[PDB]
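Just upload-v7.tsv here, TSV, C-alpha atoms and all ligand atoms:
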```tsv
chain	number	residue	atom	x	y	z
A	1	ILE	CA	-77.42	33.35	46.22
A	2	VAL	CA	-78.67	36.84	47.06
A	3	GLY	CA	-81.68	38.33	45.31
A	4	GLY	CA	-82.53	35.14	43.37
A	5	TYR	CA	-85.47	32.72	43.27
A	6	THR	CA	-86.15	29.13	44.29
A	7	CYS	CA	-85.10	27.05	41.29
A	8	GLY	CA	-87.52	24.20	41.90
A	9	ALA	CA	-86.64	20.57	42.63
A	10	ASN	CA	-84.25	18.98	40.10
A	11	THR	CA	-84.64	21.83	37.65
A	12	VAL	CA	-80.83	22.19	37.58
A	13	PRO	CA	-79.92	18.54	37.06
A	14	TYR	CA	-76.13	19.06	36.81
A	15	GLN	CA	-75.90	20.85	40.17
A	16	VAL	CA	-73.81	18.99	42.76
A	17	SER	CA	-73.41	19.53	46.48
A	18	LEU	CA	-69.97	18.79	47.99
A	19	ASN	CA	-70.40	17.28	51.43
A	20	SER	CA	-67.90	16.63	54.18
A	21	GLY	CA	-70.38	16.09	56.99
A	22	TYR	CA	-72.03	19.26	55.73
A	23	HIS	CA	-72.54	21.23	52.51
A	24	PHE	CA	-69.43	23.33	51.88
A	25	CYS	CA	-69.37	24.00	48.12
A	26	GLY	CA	-71.22	23.46	44.86
A	27	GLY	CA	-70.05	21.73	41.68
A	28	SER	CA	-71.11	20.64	38.18
A	29	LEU	CA	-71.57	17.15	36.79
A	30	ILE	CA	-69.75	17.01	33.44
A	31	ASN	CA	-70.14	13.29	32.86
A	32	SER	CA	-71.22	10.16	34.74
A	33	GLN	CA	-67.94	9.98	36.72
A	34	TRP	CA	-66.57	13.57	36.83
A	35	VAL	CA	-67.39	16.79	38.69
A	36	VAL	CA	-65.91	20.25	38.14
A	37	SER	CA	-65.56	22.67	41.07
A	38	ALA	CA	-63.38	25.52	42.38
A	39	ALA	CA	-59.84	24.73	43.52
A	40	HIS	CA	-60.47	26.78	46.68
A	41	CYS	CA	-63.06	24.17	47.60
A	42	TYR	CA	-60.37	21.50	47.93
A	43	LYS	CA	-60.88	19.22	50.97
A	44	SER	CA	-60.08	15.62	51.78
A	45	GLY	CA	-62.97	13.23	52.32
A	46	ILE	CA	-65.48	14.68	49.86
A	47	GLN	CA	-68.81	13.02	49.26
A	48	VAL	CA	-70.55	14.19	46.10
A	49	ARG	CA	-74.32	14.64	46.43
A	50	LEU	CA	-76.36	14.46	43.23
A	51	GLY	CA	-80.07	14.92	42.63
A	52	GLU	CA	-80.42	17.28	45.59
A	53	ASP	CA	-82.99	19.96	46.23
A	54	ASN	CA	-83.45	20.14	49.98
A	55	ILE	CA	-79.99	19.28	51.33
A	56	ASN	CA	-81.40	18.56	54.80
A	57	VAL	CA	-84.10	16.08	53.70
A	58	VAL	CA	-84.00	12.85	51.73
A	59	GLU	CA	-86.56	13.49	49.02
A	60	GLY	CA	-85.98	10.52	46.80
A	61	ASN	CA	-83.85	11.58	43.84
A	62	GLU	CA	-80.45	11.68	45.59
A	63	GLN	CA	-77.26	9.84	44.68
A	64	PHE	CA	-74.45	9.98	47.26
A	65	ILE	CA	-71.09	8.99	45.85
A	66	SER	CA	-67.62	9.43	47.41
A	67	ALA	CA	-64.73	10.99	45.53
A	68	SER	CA	-61.98	8.61	44.36
A	69	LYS	CA	-59.58	11.34	43.29
A	70	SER	CA	-59.31	15.11	43.30
A	71	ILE	CA	-57.14	17.13	40.93
A	72	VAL	CA	-56.45	20.79	41.51
A	73	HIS	CA	-55.29	22.79	38.46
A	74	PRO	CA	-51.48	22.66	38.25
A	75	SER	CA	-51.28	26.47	38.28
A	76	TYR	CA	-53.78	27.26	40.98
A	77	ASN	CA	-52.74	30.33	43.00
A	78	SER	CA	-54.61	30.57	46.28
A	79	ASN	CA	-53.57	34.16	46.91
A	80	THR	CA	-54.85	35.52	43.60
A	81	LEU	CA	-57.47	32.84	42.90
A	82	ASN	CA	-56.05	32.57	39.41
A	83	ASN	CA	-56.88	29.18	37.81
A	84	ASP	CA	-59.53	28.46	40.47
A	85	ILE	CA	-60.68	25.11	39.09
A	86	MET	CA	-60.63	21.51	40.32
A	87	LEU	CA	-61.68	18.07	38.96
A	88	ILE	CA	-63.27	15.38	41.15
A	89	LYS	CA	-63.61	11.76	40.03
A	90	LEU	CA	-66.43	9.68	41.55
A	91	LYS	CA	-65.76	6.20	42.98
A	92	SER	CA	-68.66	4.95	40.87
A	93	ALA	CA	-70.54	6.31	37.87
A	94	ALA	CA	-73.72	8.27	38.52
A	95	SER	CA	-77.04	7.06	37.11
A	96	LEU	CA	-78.05	9.72	34.63
A	97	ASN	CA	-81.76	10.61	34.19
A	98	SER	CA	-83.92	13.71	33.54
A	99	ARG	CA	-83.33	14.77	37.15
A	100	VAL	CA	-79.60	13.94	37.17
A	101	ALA	CA	-77.81	14.97	34.03
A	102	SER	CA	-74.42	16.22	32.91
A	103	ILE	CA	-73.78	19.71	31.55
A	104	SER	CA	-71.86	20.26	28.32
A	105	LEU	CA	-68.46	21.87	28.18
A	106	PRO	CA	-68.26	24.93	25.94
A	107	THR	CA	-66.83	25.05	22.41
A	108	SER	CA	-66.54	28.83	22.51
A	109	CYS	CA	-66.20	31.52	25.18
A	110	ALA	CA	-69.38	33.39	25.99
A	111	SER	CA	-69.36	37.13	25.41
A	112	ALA	CA	-70.42	40.12	27.50
A	113	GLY	CA	-74.17	40.61	27.43
A	114	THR	CA	-74.94	36.89	27.50
A	115	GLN	CA	-77.53	35.94	30.11
A	116	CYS	CA	-76.54	33.02	32.36
A	117	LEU	CA	-77.95	30.93	35.17
A	118	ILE	CA	-76.11	30.77	38.48
A	119	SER	CA	-77.28	28.41	41.23
A	120	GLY	CA	-76.39	27.19	44.72
A	121	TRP	CA	-77.17	26.76	48.40
A	122	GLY	CA	-75.11	29.75	49.58
A	123	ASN	CA	-75.99	32.66	51.86
A	124	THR	CA	-79.01	34.67	50.76
A	125	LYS	CA	-78.17	37.85	52.68
A	126	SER	CA	-75.72	40.64	51.78
A	127	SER	CA	-75.61	41.65	55.42
A	128	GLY	CA	-75.88	38.89	57.98
A	129	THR	CA	-76.34	35.15	57.58
A	130	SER	CA	-79.17	32.99	56.21
A	131	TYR	CA	-78.60	29.71	54.47
A	132	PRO	CA	-81.42	28.12	52.43
A	133	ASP	CA	-82.13	24.42	52.51
A	134	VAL	CA	-83.31	24.42	48.85
A	135	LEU	CA	-81.55	25.33	45.60
A	136	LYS	CA	-81.53	29.03	44.70
A	137	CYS	CA	-81.18	30.39	41.16
A	138	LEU	CA	-80.13	33.72	39.59
A	139	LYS	CA	-80.16	34.93	36.00
A	140	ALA	CA	-77.29	37.35	35.40
A	141	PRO	CA	-75.43	38.88	32.44
A	142	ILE	CA	-71.76	38.49	31.75
A	143	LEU	CA	-70.20	41.94	32.14
A	144	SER	CA	-67.56	43.45	29.91
A	145	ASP	CA	-63.86	42.93	30.61
A	146	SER	CA	-63.63	46.71	30.98
A	147	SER	CA	-66.32	46.95	33.61
A	148	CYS	CA	-64.83	43.96	35.39
A	149	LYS	CA	-61.26	45.27	35.55
A	150	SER	CA	-62.57	48.67	36.57
A	151	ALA	CA	-64.50	47.15	39.47
A	152	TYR	CA	-61.44	45.11	40.58
A	153	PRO	CA	-58.30	47.00	39.54
A	154	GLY	CA	-55.23	44.77	39.30
A	155	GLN	CA	-57.15	41.64	40.29
A	156	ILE	CA	-58.75	40.32	37.12
A	157	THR	CA	-56.79	37.89	34.93
A	158	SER	CA	-57.57	36.35	31.52
A	159	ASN	CA	-59.00	33.34	33.33
A	160	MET	CA	-61.73	35.30	35.03
A	161	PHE	CA	-64.96	37.03	34.21
A	162	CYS	CA	-67.48	39.19	36.02
A	163	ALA	CA	-71.17	38.54	35.98
A	164	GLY	CA	-74.03	40.19	37.76
A	165	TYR	CA	-75.21	43.69	38.47
A	166	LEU	CA	-73.03	46.73	39.15
A	167	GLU	CA	-76.04	48.13	41.04
A	168	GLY	CA	-75.70	45.21	43.43
A	169	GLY	CA	-78.62	43.46	45.15
A	170	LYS	CA	-78.18	40.23	43.15
A	171	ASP	CA	-75.12	37.98	43.36
A	172	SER	CA	-73.60	34.69	44.36
A	173	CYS	CA	-72.39	34.35	47.97
A	174	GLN	CA	-70.56	32.19	50.54
A	175	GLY	CA	-71.50	28.58	50.02
A	176	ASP	CA	-72.19	29.04	46.29
A	177	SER	CA	-68.46	28.54	45.62
A	178	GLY	CA	-67.54	25.95	43.03
A	179	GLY	CA	-71.05	26.03	41.50
A	180	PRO	CA	-72.10	26.47	37.84
A	181	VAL	CA	-72.60	29.44	35.60
A	182	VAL	CA	-74.48	28.09	32.58
A	183	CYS	CA	-75.05	30.14	29.44
A	184	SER	CA	-76.98	28.79	26.45
A	185	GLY	CA	-76.86	25.25	27.83
A	186	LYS	CA	-73.07	25.19	28.29
A	187	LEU	CA	-70.92	25.45	31.42
A	188	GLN	CA	-69.19	28.84	31.11
A	189	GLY	CA	-68.29	29.69	34.70
A	190	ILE	CA	-67.46	28.50	38.20
A	191	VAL	CA	-68.41	30.56	41.26
A	192	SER	CA	-65.02	31.81	42.40
A	193	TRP	CA	-64.82	35.08	44.34
A	194	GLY	CA	-65.99	38.64	45.01
A	195	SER	CA	-65.75	41.45	47.51
A	196	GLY	CA	-68.56	40.52	49.83
A	197	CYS	CA	-71.95	39.78	48.21
A	198	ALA	CA	-74.41	41.84	46.19
A	199	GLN	CA	-72.59	45.06	47.02
A	200	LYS	CA	-72.64	48.05	44.64
A	201	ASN	CA	-69.85	48.00	42.04
A	202	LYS	CA	-68.63	44.65	43.37
A	203	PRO	CA	-70.00	41.88	41.08
A	204	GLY	CA	-69.24	38.18	41.34
A	205	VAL	CA	-66.02	36.87	39.78
A	206	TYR	CA	-66.08	33.52	38.00
A	207	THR	CA	-63.55	31.10	36.60
A	208	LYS	CA	-63.58	31.19	32.76
A	209	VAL	CA	-64.14	27.52	31.95
A	210	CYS	CA	-63.64	27.92	28.18
A	211	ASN	CA	-59.90	28.42	28.85
A	212	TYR	CA	-59.69	25.03	30.54
A	213	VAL	CA	-61.52	22.67	28.19
A	214	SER	CA	-58.33	21.13	26.80
A	215	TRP	CA	-57.01	20.55	30.31
A	216	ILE	CA	-60.30	19.00	31.36
A	217	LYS	CA	-60.47	16.63	28.42
A	218	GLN	CA	-56.83	15.53	28.70
A	219	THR	CA	-57.15	14.88	32.42
A	220	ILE	CA	-60.38	12.96	32.13
A	221	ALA	CA	-58.89	10.83	29.34
A	222	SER	CA	-55.97	9.74	31.49
A	223	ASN	CA	-57.45	9.44	34.97
B	301	CA	CA	-82.18	15.92	49.75
```

Using the file provided, produce a representation of the structure as structure tokens.
Amino acid sequence: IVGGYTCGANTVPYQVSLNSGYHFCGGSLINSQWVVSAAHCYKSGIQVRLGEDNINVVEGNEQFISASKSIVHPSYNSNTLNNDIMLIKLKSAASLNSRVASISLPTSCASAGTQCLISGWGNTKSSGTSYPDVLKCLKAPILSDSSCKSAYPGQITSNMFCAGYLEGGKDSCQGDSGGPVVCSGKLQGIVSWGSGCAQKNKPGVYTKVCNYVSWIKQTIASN
């Protein structure tokens, strides 16, 4: 996250870290056994880390659970990043408390102008490299379809949205991928892509979760 603030320990209780010997992507806990992330985060041998704040120190609220199964969206296109969403089932159910909770799936799609919370352990610099050990947060508006498609001509599909600041300075970045965009207490987005970070007229691009709810429910019911 560039240009954000330090969330505070366990203030984003649904935030997951995906670990394969190291933190590589974020995710969201959507129930005691299921995590939603970005399909471009697909790896073998994922361990899901819950209850994290400092990812380099054991602070006492962690739950480390391996993935049993990973399901990439049937129509994921890695060249276009269209349908950039993945489901991860835990080997065991997480113990849900105030510090480790699930986030609700949306009933409706959020509109342009809605303020959302984006969080993760990604790079905090727009030029150069600096990775935080603690969770970073950013409040950002959902931009209009028009402004989005005009920033990224020919690249935005129905399954995407832009959020952030056309002025730049504040964005998601490398390492934030797969993490939540939560608006009015519901999971609306997944940190998907962008052209660099926090650059002028190049906002973050997010997977539009409201388009996938039916797929999510069906999959979870049968797996
Ligand atoms: Ca920790």

Just want the residues within 9 Å of ligand CA 301 (chain B), written as a PyMOL selection string, counting only C-alpha atoms and all ligand atoms. chain A and resi 49-62+133-134

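Closest approach to residue A:104 among A:186, A:139, A:91, A:23 is made by A:186 (distances from all atoms listed in the file).
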
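Taking atom CA of residue A:197 as the reference point, atom CA of residue A:172 is found at 6.6 Å.
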
For residue A:171: contacts at 6 Å, all atoms listed in the file, fewer than 6 positions along chain excluded, given as a PyMOL selection string: chain A and resi 1-2+198

Best match for closeness to residue A:35 among A:142, A:191, A:85, A:151, counting only C-alpha atoms: A:85

List the spatial neighbours of residue A:176 as a VMD selection string - criterion: any atom at most 7 Å away, all atoms listed in the file, same-chain residues fewer than 5 positions off excluded. chain A and resid 1 25 to 26 120 to 122 191

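Interatomic distance, atom CA of residue A:48 against atom CA of residue A:206: 21.4 Å.
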
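With all atoms listed in the file as the atoms that count, the residue of A:106, A:179, A:13, A:185 with the shortest distance to residue A:39 is A:179.
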
If we count all atoms listed in the file and set the cut-off at 6 Å, which residues sit around residue A:87, ignoring sequence neighbours fewer than 6 positions away in its own chain? Please answer as number ranges by chain. A: 35-36, 70-71

Excluding residue A:112 and residues on its chain fewer than 5 positions from it, collect all residues at most 9 Å away from it, counting all atoms listed in the file, and give them as a ChimeraX atom specification. /A:141-145,163

Would you put the residues from that selection into a file with C-alpha atoms, as a PDB file, in the frame of the given file?
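That gives us part-v8.pdb:
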```
ATOM      1  CA  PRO A 141     -75.430  38.880  32.440  1.00  0.00           C
ATOM      2  CA  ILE A 142     -71.760  38.490  31.750  1.00  0.00           C
ATOM      3  CA  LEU A 143     -70.200  41.940  32.140  1.00  0.00           C
ATOM      4  CA  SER A 144     -67.560  43.450  29.910  1.00  0.00           C
ATOM      5  CA  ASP A 145     -63.860  42.930  30.610  1.00  0.00           C
ATOM      6  CA  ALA A 163     -71.170  38.540  35.980  1.00  0.00           C
TER       7      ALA A 163
END
```

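Distances to residue A:199 were evaluated for A:28, A:127, A:157, A:17 using only C-alpha atoms, and the minimum falls at A:127.
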
Could you give me, as a list in words, the residues within 9 Å of residue A:184, counting all atoms listed in the file and dropping anything in the same chain fewer than 2 positions from it? residues 110, 114, 115, 116, 182, 186 and 187 of chain A

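For the residues A:111, A:32, A:37, A:177, ranking by smallest atom-to-atom distance to residue A:161 using all atoms listed in the file places A:111 first.
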